[PDB]
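Quick setup: one chain, the form deposited in one PDB entry, written in structure tokens, and binding and motion questions come after.
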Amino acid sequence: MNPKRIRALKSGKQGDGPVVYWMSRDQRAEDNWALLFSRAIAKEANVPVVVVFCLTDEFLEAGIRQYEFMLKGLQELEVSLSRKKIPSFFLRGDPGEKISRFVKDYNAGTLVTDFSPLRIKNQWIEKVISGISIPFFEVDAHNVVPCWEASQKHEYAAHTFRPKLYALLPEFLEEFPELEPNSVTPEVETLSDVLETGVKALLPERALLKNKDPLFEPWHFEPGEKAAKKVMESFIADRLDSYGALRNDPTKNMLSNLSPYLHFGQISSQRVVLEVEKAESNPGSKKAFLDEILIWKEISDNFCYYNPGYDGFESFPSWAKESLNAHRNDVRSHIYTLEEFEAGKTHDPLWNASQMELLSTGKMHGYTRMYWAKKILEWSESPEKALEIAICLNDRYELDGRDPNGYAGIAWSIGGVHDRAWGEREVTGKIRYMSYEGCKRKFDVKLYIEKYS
């Protein structure tokens, strides 16, 4: 129980009632530092722990694909916590109003939440802080090393973050203690009803193809804590060996496929790292994978935490802003609208195939995501419009979207964040370029195109 994982958001007078874990980013019962710390505080206070989750008014900004994935997981999660005699309460509405009222109505003693560096979570925290008078803590349950501990500032390159993060692994990479149940069960609607009404409100915006059939295929990723663990186990046993060599080949399914579970916190990345470390396979594949789930994932939290404008042009490095500004008035070879990008109606079949994989499976292959976002920059009127188009499509259709990895990955692609300068080109400037011919030299683009008609 390392105290460096928990931060005080507001000191107050501890009440004589239950400790409330405001679950948000880490929707799992196992390997959850936020829930474990909440249980430890409740034990010291001779009081039980409860879990509250807020179903917010912003689910209508995404799709059925993300809403169902999350709620099906929460249905399984409610059963798991019940076995630990830990009740879960699901509120519908604004977390500022709903959690303030819950704290007062249930006489909460202490409030705990998990850590997310996203703007919308900071918005909720501000409203909640002004509506309560009990202590308020946040716990980094998503990163192996607490975000505010790994670095005290924005890191501009992976190679300046990698030694810092690795130097702290011996202290923060540790096993998880078992979640102890409440001593006795203590003293707002069913999840299937909230799922039905939510789906009914999202249906007019469901992504469809010409014959009114739904585009999304929900059988690619089963949601939930139990399914995440099987995905992790299959990756280590069947795919980890070839990951180093085939991670950039979109015609092979050699990625871990963990990002939807990681995004919703249905599995702990620290759990994955522990299991990968103790697995014996190709050391280069182990190094490459750990680089992605440790360095690149946690530097994305670092990017959003230390850059208030992480989703804006202003957070790009100066060399990239000056380069993109110098080519603002370059004639673009193509300009597509948001609707043409969305439907996959560009002149590029590779880009079109990547958009179709996004539309059908909700998870674009990691390599084509780089090509996909860089062409948006190339075929947009300005870098600002490219940012907004890329964020729109990513957050609307990616199961792992609305995520620090998304804004950091898009800022890498369009603005060179966590990248370096390359040869100067028109339109794109010194931003790393990815040509259609370059992709043909790295994988069989025809198979990828044919797979997503």
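Rigid core (definition): largest C-alpha set, two forms, superposition within 1.5 Å. Numbers follow the displayed sequence, beginning with 1.
Note that the form deposited in another entry isn't included here; everything after this is about it.
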Given a cut-off of 2 Å on Cα movement between this form and the one not shown, rigid core as reference, pick the single residue from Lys200, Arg83, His347, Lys287 that exceeds or meets it.
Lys200
My question is whether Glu175 is one of the residues whose C-alpha shifts by 2 Å or more between this form and the one not shown, given a fit on the rigid core.
no
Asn211 C-alpha shift between this form and the one not shown of 2 Å or more, rigid core reference
yes
After a rigid core superposition, would you say the CA of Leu60 moves by 2 angstroms or more between this form and the one not shown, or not?
yes
Sense of the change in Cα distance from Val128 to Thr197 in the other form - at least 3 Å versus the shown form:
farther
Closer or farther apart in the other form, the C-alpha atoms of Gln66 and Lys210, for a change of 3 Å or more?
closer
